[PDB]
Each structure stands twice: as structure tokens, then as C-alpha cells.
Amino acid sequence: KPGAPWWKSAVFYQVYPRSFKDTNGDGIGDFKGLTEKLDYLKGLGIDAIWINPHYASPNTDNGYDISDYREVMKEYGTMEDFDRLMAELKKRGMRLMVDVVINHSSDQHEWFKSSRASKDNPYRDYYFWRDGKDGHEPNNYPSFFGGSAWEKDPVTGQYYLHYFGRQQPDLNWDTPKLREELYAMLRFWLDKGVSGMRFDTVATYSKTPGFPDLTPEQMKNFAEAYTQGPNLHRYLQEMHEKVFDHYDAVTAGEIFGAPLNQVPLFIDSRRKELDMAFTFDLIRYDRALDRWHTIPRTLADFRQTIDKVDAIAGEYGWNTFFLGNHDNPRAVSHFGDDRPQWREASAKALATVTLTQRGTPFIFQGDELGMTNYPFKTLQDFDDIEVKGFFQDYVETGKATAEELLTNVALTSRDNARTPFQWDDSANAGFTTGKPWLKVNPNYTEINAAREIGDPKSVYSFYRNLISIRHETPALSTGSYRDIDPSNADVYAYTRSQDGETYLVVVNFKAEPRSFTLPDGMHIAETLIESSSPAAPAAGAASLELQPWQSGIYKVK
């Protein structure tokens, strides 16, 4: 029949350029570093890479505050280096997905420098400027990065809106001329051959008319209210009509803060908005509302959340799947057990899950090596502007002590994912010849690409084999998904099926032996791969005995 888009069967790798590979000793990764490592990614089996922002930026949010959408970030290289990265990817049959940050720009962008000059400036309405009320801000909106989402500018006496940092003013999508500027910007990169675009905080583009105060209830989860602008889908549909309908690039949205029942509006292919969804339900399934505390959860919660997310894709939508990214703690530390004796086994188990979920998997740089959270010792060990925001909102206000913030944010911080990639065991793990912008994890002596690649029993080798198996088994990418028992908090088991072929995935999430009884009528036919198992089951088995953290993929009958 008709086939599926290349993107539904692709395995993506996310590169955070700043921490991938430095080639000039300034301690910051760059395009030349990434280009020199394309053979490494191709050898691992990667089809496409998504890079974080690579545009001109003051870096108050490491690329997410853009001052010029048509120039490359100085730290990464030049437009020539970007062009070379593209060409080398193409020589290897690989595709590039870039990050698109158009909910807001840097306050250094020329549009903002113009906007702030006067109320009658032609660019005034490229942003949101409003009078304060009752001697304070326009309304009670809080910022994700600390304090109020409203900043007064004495040049005009009004306040501008910023959901994120003070140096990331929100762009005004209710203004036609600004929407047209953004479309022309997207075409600039698409005309260069870019194959995909990831839309940063795509659900917050539409603002609420009149900016009334959030109710006390809404305030509890302000992220959600910010995703309820009345014109959101109208704007996304217009972006598709004027830009994406004219190219063959895949689009994916970072649907931050929106309730899961609204995700189909963004990804149902019939609506002509986005192709794939990046949801937060699973990766933040154990995160408190303040985003810096954790809440104990079990595998039952994990799988039940995945069931809900899969159901939302319905028949016309499509999900991405990921256990890690640049805004969350390290996969093995977060969902696995990173203790020395369990790190490799649990990282392999999580690899099995990642590569057998229904959706397009994104492997975050370093997770294929089993990289872990970083041992922060003081609040100064964090670079992340979000941690400074928590200090402002919780420590300076007396709600928590600096020690309490350190203790808790150490387990949830985005910086856990941003320590430099561990290439080998030379100075700073071969990431740089200079001083890394963020400290390298001392565990690079045990966790590094050179050692991983030379060992058939490594986490890396396991990911590589899982990727080969997935590429050879259509059911593992586009097949249906059925969780055999959503209530089981010990062993995660599900089937993937397509065209009469069914595969069974069984993953022990406990560090103790466990048993698993197959569904009535189901029996093992073959064993494709297992991790931490002393032996594959016998053909015909109606049950399995699992070692701690063991994972396996089996073709059933």
C-alpha cells in the first residue's frame, strides 16, 4: 500500500552543539566539531539529527534568545560552516532538523530595538506593550525564568511581555506583518535544504485578548493557561498554508504546557498544522508543579502515561518519543538506576524501550553511552538561567533555603543534560583542548565513546544493534501498540504489530529477578535481542524468567 513518510520510520539524534564537540579550544562546541563527528553518528545508525538553536544570540538562554534569524551563532562558526555541515550530512544520506524559536526573540534583535523606541514605531506591535495597572504590572502573569512576565521600559513607560527571560520578549503573532516576516525567515532556511523544523514552545504563540489576571486556580499551573490563546490553531494553520505546504520538511512541535487532550489539534494530519508532537507528560511525569521538585512514581505511572500519549496520536496524528533531551535530567539517572552496578544494565533496558515505542525516537547525545546526571556541589556549578529564576522565586522570597534548592534542583536541572559529551579519556573527555564551558562529569574515565565503541558488550553497541533491528522490522516503528497490563509496576510488556507480524517487548524495571507470563494463546517464536539475559527463551515459551533490569524483543506467534 501507500508507504509511511521517511520521518515515521526514522531514528533521530539530538545534538546540543554547545556541548557536543569543540574544535578550537574555547570550551564551546561548534559546527566543525559536529561535522567531524558525522561518521560516528552514521556508524551508530542515525538517520537524522535535530540541532538546538544555531543562530546569532547573546546566549542568555543558550541559543533560545535570537538576535538575528539569518546569521549563525558566532560561537558555532560561520554560514560557510553551516553550509558545509549540510553538505556533509547529505553525502551520508542524513537529514537535518533545526530548532525554530519564534514565540520570542532576543531583546537585542533589531525588531525589539526599534519596537521599544516609541509607541508609534512601525515595529511597536511586533511585541506586547501594555500599561501597568494599580501601580504594578499589567496583570499577575509570572515568568518561567523568575519574577513577573512583565518588564517596564522607561523609554515609553509601558511594560513588555516575556514568558521566558527578561531578554526574551514575546513576539506578537496578532500582527500580520510580523507573521509575514517569520514566514519569510522560515523560507530562508528551508530554501537552504533543511529537512525538518522543531517549533520551540509552539503552544504559547497566541496571547489572551485583554490580558486579564489569571485566576488563583490558573496560577497554580500558569503554563497551561499560556497555551490557551484563542487564535493558536489559526496561526499554525496559516503558517502551514504559507510555508510548509510548499516544502517537504517535517515539522514537530514542542507542545509545552498544553493538556494532552488538545495535542491532536496540533498533529492530526488532516488539520494541516504540524506533523509530530513533542509532549511533556512522560518526561515530567514525576515533576512537581514548581518544576524543581520530584514526586515518587512507579512503572505503572510511566506506562499509563505512555498509553494516554499513544492514544492521542489516534489514526492521523504522530508522536516523537524520547526519554531525554536538553531540558531534563539524564535518562538513565531519571528513569533507570545510575548506580555503578546497574547503570549499564538499566541504560540498555531504557534503550530497548526507546527504540520500540510507537512514534519517532529521538536519542539525546550521550545517552547511547549511558551518561548520567552531574554531581553538582554548589549553586554556582549551574549555568542555567532557569536555576537563577528558582533562586529568585524561592530563595530570595524565603520559601526555601539555598541548600534545599541545590538538593532538589540537582536531580531535575537542565544542566544535567548539558555537560560535555564524553568522547574518550583524554583531558576533559576529548571534548575540548581548553576549559569546557560547563564541567565535564568525572565519570568520563569509565563512560566514554572510545571505550564504548571498542566493546561489543557496551551500552553503545546495544543501541547500535537495537537501531539495526528496528530498521529491519517495520512493526517496531509504525505498528500498533498494546500494553499487556497497564497496572503492572514491575515488568513493562507490550506488543507492536503490523501486517500480521507481532513483536513482544518485555522489560524488567526492578533490580531483582521477576517472572512474566505471556498473554493466553501467545508464545515466543524467536528472540531478536536481550540485555542482561543469560539465555534466550525456548521457542514456544508461554512465559519468561527475567534477570534484574533484563530487556528483550521477541517475535511471537
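All residue numbers are counted from 1 along the displayed sequence.
Asks: So, looking at the entry's B-factor column for Cα atoms, which has the higher mean, 482-490 or 174-182?
Replies: The entry gives the higher C-alpha B-factor average to 482-490.
Asks: Per the entry, where is the mean C-alpha temperature factor higher: 508-516 or 25-33?
Replies: Going by the record's values, the stretch with the higher mean is 508-516.
Asks: Tell me which of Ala475, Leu161, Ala258, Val395 tops the list for C-alpha B factor in the record.
Replies: Top of the list by C-alpha B-factor: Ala475.
Asks: Comparing recorded Cα B-factors across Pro169, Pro216, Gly196, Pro329, which one is largest?
Replies: It is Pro216.
Asks: Relative to the other modelled residues in the chain, which third contains the C-alpha temperature factor of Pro375: lowest, middle or highest?
Replies: Within its chain, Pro375 is a middle-third residue by C-alpha B-factor, going by the deposited values.
Asks: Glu315's Cα B-factor: lowest, middle or highest third of the chain?
Replies: Highest third - that is where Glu315 ends up once the chain's C-alpha B-factors are sorted.
Asks: Sorting the chain's modelled residues by C-alpha B-factor, tell me whether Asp39 ends up in the lowest, middle or highest third.
Replies: For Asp39, whose C-alpha B-factor we compare with every modelled residue in the chain, the answer is the middle third.
Asks: Using the temperature factors of the C-alpha atoms in this entry, rank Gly165 within its chain: lowest, middle or highest third.
Replies: As the PDB entry reports it, the C-alpha B-factor of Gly165 lands in the middle third of its chain.
Asks: Name the third of the chain's ranked CA B-factors that contains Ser143, choosing lowest, middle or highest.
Replies: Lowest third.
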